[PDB]
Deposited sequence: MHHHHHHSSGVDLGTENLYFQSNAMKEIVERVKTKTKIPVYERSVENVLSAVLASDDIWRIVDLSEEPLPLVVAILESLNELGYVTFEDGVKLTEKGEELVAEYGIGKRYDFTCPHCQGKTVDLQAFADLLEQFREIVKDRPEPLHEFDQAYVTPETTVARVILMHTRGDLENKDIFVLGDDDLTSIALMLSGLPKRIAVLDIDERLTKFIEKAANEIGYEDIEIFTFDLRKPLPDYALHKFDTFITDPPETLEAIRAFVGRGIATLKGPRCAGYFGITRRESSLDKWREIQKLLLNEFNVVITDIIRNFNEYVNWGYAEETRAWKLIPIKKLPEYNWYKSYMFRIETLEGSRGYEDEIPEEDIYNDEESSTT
């Protein structure tokens, strides 16, 4: 009954499609509406909706253009919007202390960390996240007397790993030397001898001293399929063989579920690994001034900064098995193993 049925959703979804190439579903819109029922704060709406930020903005713009939301007092539904949610039955969106010494020691050290710099795309997690990560990895048996490779470390996970006393050895690669220098200084104050800084071109083949030498890697790659395949491809190639662990963050803030599907296909068909854990909002990022640089910032006439750490990622854990593989050499443009 196309003649009498509500054409509201379809109308909204078609308008969203003129604003973004991210796949738009009716539920993308419902997710945002559900978030708006819970909160008039745009950062929280993005958080609660678990849709990528540019899709949320495009959805909020479309709903505004069509009379469903106003930005005059945070983000709120109009009466037309209140009628929309009622019609479609859209509900309001509902949502470490044993290692307390580690956390105190970690905060003590990183209070003087080098300033995050836009030049190095530096966004890092809270001290509570870092320490929870260590605990989590320990509960999976991936730390104690193990060899850890930390690919990029603006989170300063290597410091928390050293403070734990658990790993046999740790190797860290980071493009920002202020970090590696700080890590080495920290290692000295901690008395942790078995720290190495790797400095090599990630574009070029892995060197023998990083090829198949680690039990566990951890990394937090940029949010593109191309960067993930490079960072995880390279991390897996640093792993000794079967039954080694990889840890990395993937966000709903910047990657759609269609993009997640491609990532997971990469993992299983390209790298032929298994996913043991996908833990929602495990990673909480310290506000670094990212909000003000987004389109969301321009959306609400009165500017308001995030009240809390709205930017979060899921923790993925992967494990190698017989036949797993990474990229030892040149990183390819397309899938080569699949």
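Gaps without C-alpha coordinates occur at 1-16, 112-123, 367-373, with positions taken along the deposited sequence from 1.
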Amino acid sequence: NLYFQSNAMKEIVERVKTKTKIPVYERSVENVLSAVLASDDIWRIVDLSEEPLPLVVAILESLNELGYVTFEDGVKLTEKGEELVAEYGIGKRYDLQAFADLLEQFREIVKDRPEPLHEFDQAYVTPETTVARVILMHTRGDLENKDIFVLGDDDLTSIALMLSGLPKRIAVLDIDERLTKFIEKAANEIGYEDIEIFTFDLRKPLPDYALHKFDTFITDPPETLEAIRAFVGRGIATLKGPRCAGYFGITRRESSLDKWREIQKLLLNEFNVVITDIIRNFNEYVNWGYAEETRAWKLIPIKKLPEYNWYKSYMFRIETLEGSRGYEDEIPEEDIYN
From here on, numbers count along this sequence of modelled residues.
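Of the two segments examined, 156-164 and 117-125, it is 117-125 that shows the higher average Cα temperature factor in the deposited entry. The PDB entry reports B-factors from which the mean C-alpha value can be compared for 311-319 and 326-334; the larger average falls on 326-334. In this PDB entry, the Cα temperature factor of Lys111 sits in the top third of its chain's modelled residues, the highest group. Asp142 sits in the lowest third of its chain by CA B factor, as recorded in the PDB entry.
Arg27: CA B factor lies in the middle third for its chain, per the PDB record.
Sort the modelled residues of the chain by CA B factor and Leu102 lands in the highest third. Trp260 sits in the lowest third of its chain by CA B factor, as recorded in the PDB entry.
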